[PDB]
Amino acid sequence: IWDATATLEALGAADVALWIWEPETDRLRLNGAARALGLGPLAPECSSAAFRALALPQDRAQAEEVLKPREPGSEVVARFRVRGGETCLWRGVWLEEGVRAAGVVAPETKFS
């Protein structure tokens, strides 16, 4: 079988987190290795303002590429550093139902 602990074990092992972005509710949700990735202050849920504030200031254009609304099926690809210094790659898509995006965030030291 598969459960919530299995999800966290695999995410932790990979050093990856999952994210869902809901502009309607101004809620970014994280699950998995958020702390390891420098995203600890944002987890389990944060506002778009909190998200932008954690990005290195010079990387905030790239951070915004995650939050920018897009039509369903639109790829989300972004890379930026947060306070602490580590660069992560965000990859996902705008979903079919609602105006929402979801995906993975990974350390670029392991994923490109």
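One rule holds for the numbers: they count along the sequence shown, beginning at 1.
As listed in the deposited structure, the average C-alpha B-factor of 84 to 92 and of 9 to 17 is greater for 84 to 92. Out of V66, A36, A61, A55, the entry records its largest CA B-factor for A36. Among the modelled residues of its chain, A78 has a C-alpha B-factor that falls in the middle third according to the deposited record. When all modelled residues of the chain are sorted by CA temperature factor, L42 is found within the highest third.
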